[PDB]
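The data block below is structure07.cif; it holds mmCIF, N, CA and C atoms; chains and numbers go by the auth columns.
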```cif
data_structure
loop_
_atom_site.group_PDB
_atom_site.id
_atom_site.type_symbol
_atom_site.label_atom_id
_atom_site.label_comp_id
_atom_site.label_asym_id
_atom_site.label_seq_id
_atom_site.Cartn_x
_atom_site.Cartn_y
_atom_site.Cartn_z
_atom_site.B_iso_or_equiv
_atom_site.auth_seq_id
_atom_site.auth_asym_id
ATOM 1 N N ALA A 1 0.843 -1.212 0.000 0.00 1 G
ATOM 2 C CA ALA A 1 0.000 0.000 0.000 0.00 1 G
ATOM 3 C C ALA A 1 0.873 1.256 0.000 0.00 1 G
ATOM 4 N N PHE A 2 0.949 1.972 -1.124 0.00 2 G
ATOM 5 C CA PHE A 2 1.769 3.187 -1.248 0.00 2 G
ATOM 6 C C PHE A 2 1.158 4.384 -0.498 0.00 2 G
ATOM 7 N N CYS A 3 1.969 5.201 0.184 0.00 3 G
ATOM 8 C CA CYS A 3 1.505 6.445 0.824 0.00 3 G
ATOM 9 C C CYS A 3 1.183 7.608 -0.138 0.00 3 G
ATOM 10 N N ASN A 4 1.268 7.353 -1.440 0.00 4 G
ATOM 11 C CA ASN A 4 1.004 8.259 -2.567 0.00 4 G
ATOM 12 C C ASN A 4 1.539 9.694 -2.359 0.00 4 G
ATOM 13 N N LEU A 5 2.866 9.832 -2.260 0.00 5 G
ATOM 14 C CA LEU A 5 3.540 11.101 -1.944 0.00 5 G
ATOM 15 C C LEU A 5 3.236 12.220 -2.961 0.00 5 G
ATOM 16 N N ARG A 6 3.131 11.908 -4.258 0.00 6 G
ATOM 17 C CA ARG A 6 2.829 12.925 -5.288 0.00 6 G
ATOM 18 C C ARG A 6 1.390 13.426 -5.233 0.00 6 G
ATOM 19 N N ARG A 7 0.466 12.660 -4.631 0.00 7 G
ATOM 20 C CA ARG A 7 -0.909 13.095 -4.292 0.00 7 G
ATOM 21 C C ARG A 7 -0.957 13.862 -2.960 0.00 7 G
ATOM 22 N N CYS A 8 -0.037 13.556 -2.045 0.00 8 G
ATOM 23 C CA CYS A 8 0.116 14.224 -0.749 0.00 8 G
ATOM 24 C C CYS A 8 0.580 15.679 -0.913 0.00 8 G
ATOM 25 N N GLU A 9 1.581 15.914 -1.769 0.00 9 G
ATOM 26 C CA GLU A 9 2.094 17.255 -2.082 0.00 9 G
ATOM 27 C C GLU A 9 0.995 18.237 -2.523 0.00 9 G
ATOM 28 N N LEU A 10 -0.003 17.774 -3.286 0.00 10 G
ATOM 29 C CA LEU A 10 -1.145 18.559 -3.753 0.00 10 G
ATOM 30 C C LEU A 10 -1.998 19.051 -2.581 0.00 10 G
ATOM 31 N N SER A 11 -2.294 18.108 -1.696 0.00 11 G
ATOM 32 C CA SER A 11 -3.186 18.246 -0.556 0.00 11 G
ATOM 33 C C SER A 11 -2.608 19.198 0.496 0.00 11 G
ATOM 34 N N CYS A 12 -1.284 19.181 0.660 0.00 12 G
ATOM 35 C CA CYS A 12 -0.551 20.141 1.484 0.00 12 G
ATOM 36 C C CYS A 12 -0.408 21.515 0.803 0.00 12 G
ATOM 37 N N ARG A 13 -0.303 21.563 -0.536 0.00 13 G
ATOM 38 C CA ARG A 13 -0.279 22.823 -1.301 0.00 13 G
ATOM 39 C C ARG A 13 -1.579 23.628 -1.187 0.00 13 G
ATOM 40 N N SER A 14 -2.703 22.972 -0.879 0.00 14 G
ATOM 41 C CA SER A 14 -3.967 23.633 -0.520 0.00 14 G
ATOM 42 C C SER A 14 -3.884 24.435 0.788 0.00 14 G
ATOM 43 N N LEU A 15 -3.083 23.981 1.764 0.00 15 G
ATOM 44 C CA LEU A 15 -2.745 24.760 2.966 0.00 15 G
ATOM 45 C C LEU A 15 -1.724 25.859 2.632 0.00 15 G
ATOM 46 N N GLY A 16 -0.751 25.519 1.782 0.00 16 G
ATOM 47 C CA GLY A 16 0.367 26.368 1.364 0.00 16 G
ATOM 48 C C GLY A 16 1.756 25.838 1.743 0.00 16 G
ATOM 49 N N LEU A 17 1.890 24.538 2.025 0.00 17 G
ATOM 50 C CA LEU A 17 3.117 23.910 2.538 0.00 17 G
ATOM 51 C C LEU A 17 3.379 22.538 1.892 0.00 17 G
ATOM 52 N N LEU A 18 4.575 21.980 2.110 0.00 18 G
ATOM 53 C CA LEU A 18 4.992 20.712 1.502 0.00 18 G
ATOM 54 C C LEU A 18 4.337 19.496 2.167 0.00 18 G
ATOM 55 N N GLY A 19 4.220 18.413 1.397 0.00 19 G
ATOM 56 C CA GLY A 19 3.817 17.094 1.885 0.00 19 G
ATOM 57 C C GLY A 19 5.006 16.149 2.093 0.00 19 G
ATOM 58 N N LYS A 20 5.004 15.430 3.221 0.00 20 G
ATOM 59 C CA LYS A 20 6.000 14.424 3.624 0.00 20 G
ATOM 60 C C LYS A 20 5.296 13.085 3.873 0.00 20 G
ATOM 61 N N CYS A 21 5.816 11.996 3.305 0.00 21 G
ATOM 62 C CA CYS A 21 5.387 10.644 3.670 0.00 21 G
ATOM 63 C C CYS A 21 6.292 10.121 4.794 0.00 21 G
ATOM 64 N N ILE A 22 5.682 9.791 5.931 0.00 22 G
ATOM 65 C CA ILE A 22 6.341 9.322 7.146 0.00 22 G
ATOM 66 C C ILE A 22 5.416 8.349 7.892 0.00 22 G
ATOM 67 N N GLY A 23 5.955 7.217 8.343 0.00 23 G
ATOM 68 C CA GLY A 23 5.193 6.154 9.000 0.00 23 G
ATOM 69 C C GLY A 23 4.030 5.608 8.158 0.00 23 G
ATOM 70 N N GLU A 24 4.241 5.426 6.848 0.00 24 G
ATOM 71 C CA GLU A 24 3.240 4.948 5.874 0.00 24 G
ATOM 72 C C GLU A 24 1.994 5.860 5.711 0.00 24 G
ATOM 73 N N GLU A 25 2.091 7.149 6.069 0.00 25 G
ATOM 74 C CA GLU A 25 1.003 8.134 5.935 0.00 25 G
ATOM 75 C C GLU A 25 1.501 9.533 5.515 0.00 25 G
ATOM 76 N N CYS A 26 0.749 10.176 4.617 0.00 26 G
ATOM 77 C CA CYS A 26 0.900 11.581 4.239 0.00 26 G
ATOM 78 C C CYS A 26 0.629 12.540 5.412 0.00 26 G
ATOM 79 N N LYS A 27 1.559 13.473 5.657 0.00 27 G
ATOM 80 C CA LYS A 27 1.409 14.604 6.574 0.00 27 G
ATOM 81 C C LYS A 27 2.075 15.867 6.014 0.00 27 G
ATOM 82 N N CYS A 28 1.468 17.027 6.242 0.00 28 G
ATOM 83 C CA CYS A 28 1.975 18.319 5.768 0.00 28 G
ATOM 84 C C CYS A 28 2.859 19.020 6.819 0.00 28 G
ATOM 85 N N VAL A 29 3.913 19.736 6.395 0.00 29 G
ATOM 86 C CA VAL A 29 4.824 20.460 7.313 0.00 29 G
ATOM 87 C C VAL A 29 5.198 21.878 6.852 0.00 29 G
ATOM 88 N N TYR A 30 4.972 22.854 7.743 0.00 30 G
ATOM 89 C CA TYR A 30 5.269 24.286 7.575 0.00 30 G
ATOM 90 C C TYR A 30 6.742 24.571 7.282 0.00 30 G
#
```

As structure tokens - that is how I would like this structure written.
Amino acid sequence: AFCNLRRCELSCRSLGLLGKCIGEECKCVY
């Protein structure tokens, strides 16, 4: 099961920040 990092970056760009895949899950960081 991929954490889909290139889909994560989009979802964090809606906040205005980068997406990181860590512990098999997408999370955004300021």

Practice task
Pull the strand (DSSP E or B) assignments for chain G out of DSSP run on the backbone, and list those residues as a ChimeraX atom specification.
Solution key: /G:18-22,25-29

Output as lines of an AutoDock Vina configuration file the centre and edge lengths (Å, one decimal) of the box along x, y and z of the file that holds every listed atom of segment 16-27 of chain G after adding 6 Å on each side.
```
center_x = 2.8
center_y = 15.7
center_z = 5.2
size_x = 19.1
size_y = 33.4
size_z = 19.6
```

Exercise for the section: Using only C-alpha atoms, give me every residue within 12 Å of (-2.1, 15.8, 8.1) in file coordinates, as a VMD selection string. Expected result: chain G and resid 8 to 9 11 to 15 17 to 22 25 to 30

DSSP on the backbone, then: every residue of chain G marked helix (DSSP H, G or I), written as a PDB file with N, CA and C atoms, in the frame of the given file.
```pdb
ATOM      1  N   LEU G   5       2.866   9.832  -2.260  1.00  0.00           N
ATOM      2  CA  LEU G   5       3.540  11.101  -1.944  1.00  0.00           C
ATOM      3  C   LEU G   5       3.236  12.220  -2.961  1.00  0.00           C
ATOM      4  N   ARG G   6       3.131  11.908  -4.258  1.00  0.00           N
ATOM      5  CA  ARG G   6       2.829  12.925  -5.288  1.00  0.00           C
ATOM      6  C   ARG G   6       1.390  13.426  -5.233  1.00  0.00           C
ATOM      7  N   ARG G   7       0.466  12.660  -4.631  1.00  0.00           N
ATOM      8  CA  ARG G   7      -0.909  13.095  -4.292  1.00  0.00           C
ATOM      9  C   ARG G   7      -0.957  13.862  -2.960  1.00  0.00           C
ATOM     10  N   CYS G   8      -0.037  13.556  -2.045  1.00  0.00           N
ATOM     11  CA  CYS G   8       0.116  14.224  -0.749  1.00  0.00           C
ATOM     12  C   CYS G   8       0.580  15.679  -0.913  1.00  0.00           C
ATOM     13  N   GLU G   9       1.581  15.914  -1.769  1.00  0.00           N
ATOM     14  CA  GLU G   9       2.094  17.255  -2.082  1.00  0.00           C
ATOM     15  C   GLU G   9       0.995  18.237  -2.523  1.00  0.00           C
ATOM     16  N   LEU G  10      -0.003  17.774  -3.286  1.00  0.00           N
ATOM     17  CA  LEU G  10      -1.145  18.559  -3.753  1.00  0.00           C
ATOM     18  C   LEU G  10      -1.998  19.051  -2.581  1.00  0.00           C
ATOM     19  N   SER G  11      -2.294  18.108  -1.696  1.00  0.00           N
ATOM     20  CA  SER G  11      -3.186  18.246  -0.556  1.00  0.00           C
ATOM     21  C   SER G  11      -2.608  19.198   0.496  1.00  0.00           C
ATOM     22  N   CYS G  12      -1.284  19.181   0.660  1.00  0.00           N
ATOM     23  CA  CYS G  12      -0.551  20.141   1.484  1.00  0.00           C
ATOM     24  C   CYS G  12      -0.408  21.515   0.803  1.00  0.00           C
ATOM     25  N   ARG G  13      -0.303  21.563  -0.536  1.00  0.00           N
ATOM     26  CA  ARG G  13      -0.279  22.823  -1.301  1.00  0.00           C
ATOM     27  C   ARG G  13      -1.579  23.628  -1.187  1.00  0.00           C
TER      28      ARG G  13
END
```

Exercise for the section: Please measure the separation of atom C of residue 3 of chain G and atom C of residue 16 of chain G, giving the value in Å to one decimal. Expected result: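 The value is 18.3 Å.
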
Exercise for the section: In Å, rounded to a single decimal, give me how far atom N of residue 6 of chain G is from atom N of residue 24 of chain G. Expected result: 12.9 Å

Repaired coordinates for segment 6-28 of chain G (N, CA, C and O atoms) as a PDB file, keeping the file's coordinate frame:
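As a result, selection.pdb now contains:
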```pdb
ATOM      1  N   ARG G   6       3.131  11.908  -4.258  1.00  0.00           N
ATOM      2  CA  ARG G   6       2.829  12.925  -5.288  1.00  0.00           C
ATOM      3  C   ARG G   6       1.390  13.426  -5.233  1.00  0.00           C
ATOM      4  O   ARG G   6       1.138  14.532  -5.712  1.00  0.00           O
ATOM      5  N   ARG G   7       0.466  12.660  -4.631  1.00  0.00           N
ATOM      6  CA  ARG G   7      -0.909  13.095  -4.292  1.00  0.00           C
ATOM      7  C   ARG G   7      -0.957  13.862  -2.960  1.00  0.00           C
ATOM      8  O   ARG G   7      -1.781  14.761  -2.802  1.00  0.00           O
ATOM      9  N   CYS G   8      -0.037  13.556  -2.045  1.00  0.00           N
ATOM     10  CA  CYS G   8       0.116  14.224  -0.749  1.00  0.00           C
ATOM     11  C   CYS G   8       0.580  15.679  -0.913  1.00  0.00           C
ATOM     12  O   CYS G   8      -0.009  16.593  -0.339  1.00  0.00           O
ATOM     13  N   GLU G   9       1.581  15.914  -1.769  1.00  0.00           N
ATOM     14  CA  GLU G   9       2.094  17.255  -2.082  1.00  0.00           C
ATOM     15  C   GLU G   9       0.995  18.237  -2.523  1.00  0.00           C
ATOM     16  O   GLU G   9       1.023  19.397  -2.115  1.00  0.00           O
ATOM     17  N   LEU G  10      -0.003  17.774  -3.286  1.00  0.00           N
ATOM     18  CA  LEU G  10      -1.145  18.559  -3.753  1.00  0.00           C
ATOM     19  C   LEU G  10      -1.998  19.051  -2.581  1.00  0.00           C
ATOM     20  O   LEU G  10      -2.373  20.219  -2.482  1.00  0.00           O
ATOM     21  N   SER G  11      -2.294  18.108  -1.696  1.00  0.00           N
ATOM     22  CA  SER G  11      -3.186  18.246  -0.556  1.00  0.00           C
ATOM     23  C   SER G  11      -2.608  19.198   0.496  1.00  0.00           C
ATOM     24  O   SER G  11      -3.324  20.022   1.070  1.00  0.00           O
ATOM     25  N   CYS G  12      -1.284  19.181   0.660  1.00  0.00           N
ATOM     26  CA  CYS G  12      -0.551  20.141   1.484  1.00  0.00           C
ATOM     27  C   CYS G  12      -0.408  21.515   0.803  1.00  0.00           C
ATOM     28  O   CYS G  12      -0.498  22.552   1.472  1.00  0.00           O
ATOM     29  N   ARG G  13      -0.303  21.563  -0.536  1.00  0.00           N
ATOM     30  CA  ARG G  13      -0.279  22.823  -1.301  1.00  0.00           C
ATOM     31  C   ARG G  13      -1.579  23.628  -1.187  1.00  0.00           C
ATOM     32  O   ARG G  13      -1.541  24.852  -1.301  1.00  0.00           O
ATOM     33  N   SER G  14      -2.703  22.972  -0.879  1.00  0.00           N
ATOM     34  CA  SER G  14      -3.967  23.633  -0.520  1.00  0.00           C
ATOM     35  C   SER G  14      -3.884  24.435   0.788  1.00  0.00           C
ATOM     36  O   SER G  14      -4.520  25.487   0.893  1.00  0.00           O
ATOM     37  N   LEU G  15      -3.083  23.981   1.764  1.00  0.00           N
ATOM     38  CA  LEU G  15      -2.745  24.760   2.966  1.00  0.00           C
ATOM     39  C   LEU G  15      -1.724  25.859   2.632  1.00  0.00           C
ATOM     40  O   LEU G  15      -1.828  26.981   3.134  1.00  0.00           O
ATOM     41  N   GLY G  16      -0.751  25.519   1.782  1.00  0.00           N
ATOM     42  CA  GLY G  16       0.367  26.368   1.364  1.00  0.00           C
ATOM     43  C   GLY G  16       1.756  25.838   1.743  1.00  0.00           C
ATOM     44  O   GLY G  16       2.699  26.625   1.817  1.00  0.00           O
ATOM     45  N   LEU G  17       1.890  24.538   2.025  1.00  0.00           N
ATOM     46  CA  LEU G  17       3.117  23.910   2.538  1.00  0.00           C
ATOM     47  C   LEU G  17       3.379  22.538   1.892  1.00  0.00           C
ATOM     48  O   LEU G  17       2.530  22.008   1.178  1.00  0.00           O
ATOM     49  N   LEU G  18       4.575  21.980   2.110  1.00  0.00           N
ATOM     50  CA  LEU G  18       4.992  20.712   1.502  1.00  0.00           C
ATOM     51  C   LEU G  18       4.337  19.496   2.167  1.00  0.00           C
ATOM     52  O   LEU G  18       3.994  19.519   3.353  1.00  0.00           O
ATOM     53  N   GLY G  19       4.220  18.413   1.397  1.00  0.00           N
ATOM     54  CA  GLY G  19       3.817  17.094   1.885  1.00  0.00           C
ATOM     55  C   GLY G  19       5.006  16.149   2.093  1.00  0.00           C
ATOM     56  O   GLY G  19       5.899  16.065   1.245  1.00  0.00           O
ATOM     57  N   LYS G  20       5.004  15.430   3.221  1.00  0.00           N
ATOM     58  CA  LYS G  20       6.000  14.424   3.624  1.00  0.00           C
ATOM     59  C   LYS G  20       5.296  13.085   3.873  1.00  0.00           C
ATOM     60  O   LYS G  20       4.299  13.029   4.593  1.00  0.00           O
ATOM     61  N   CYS G  21       5.816  11.996   3.305  1.00  0.00           N
ATOM     62  CA  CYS G  21       5.387  10.644   3.670  1.00  0.00           C
ATOM     63  C   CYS G  21       6.292  10.121   4.794  1.00  0.00           C
ATOM     64  O   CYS G  21       7.518  10.036   4.638  1.00  0.00           O
ATOM     65  N   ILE G  22       5.682   9.791   5.931  1.00  0.00           N
ATOM     66  CA  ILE G  22       6.341   9.322   7.146  1.00  0.00           C
ATOM     67  C   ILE G  22       5.416   8.349   7.892  1.00  0.00           C
ATOM     68  O   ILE G  22       4.216   8.593   8.020  1.00  0.00           O
ATOM     69  N   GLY G  23       5.955   7.217   8.343  1.00  0.00           N
ATOM     70  CA  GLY G  23       5.193   6.154   9.000  1.00  0.00           C
ATOM     71  C   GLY G  23       4.030   5.608   8.158  1.00  0.00           C
ATOM     72  O   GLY G  23       2.942   5.396   8.695  1.00  0.00           O
ATOM     73  N   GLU G  24       4.241   5.426   6.848  1.00  0.00           N
ATOM     74  CA  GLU G  24       3.240   4.948   5.874  1.00  0.00           C
ATOM     75  C   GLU G  24       1.994   5.860   5.711  1.00  0.00           C
ATOM     76  O   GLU G  24       0.939   5.408   5.253  1.00  0.00           O
ATOM     77  N   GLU G  25       2.091   7.149   6.069  1.00  0.00           N
ATOM     78  CA  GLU G  25       1.003   8.134   5.935  1.00  0.00           C
ATOM     79  C   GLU G  25       1.501   9.533   5.515  1.00  0.00           C
ATOM     80  O   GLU G  25       2.508  10.047   6.014  1.00  0.00           O
ATOM     81  N   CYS G  26       0.749  10.176   4.617  1.00  0.00           N
ATOM     82  CA  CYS G  26       0.900  11.581   4.239  1.00  0.00           C
ATOM     83  C   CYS G  26       0.629  12.540   5.412  1.00  0.00           C
ATOM     84  O   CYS G  26      -0.443  12.486   6.029  1.00  0.00           O
ATOM     85  N   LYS G  27       1.559  13.473   5.657  1.00  0.00           N
ATOM     86  CA  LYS G  27       1.409  14.604   6.574  1.00  0.00           C
ATOM     87  C   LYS G  27       2.075  15.867   6.014  1.00  0.00           C
ATOM     88  O   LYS G  27       3.132  15.793   5.386  1.00  0.00           O
ATOM     89  N   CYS G  28       1.468  17.027   6.242  1.00  0.00           N
ATOM     90  CA  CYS G  28       1.975  18.319   5.768  1.00  0.00           C
ATOM     91  C   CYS G  28       2.859  19.020   6.819  1.00  0.00           C
ATOM     92  O   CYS G  28       2.564  18.936   8.017  1.00  0.00           O
TER      93      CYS G  28
END
```
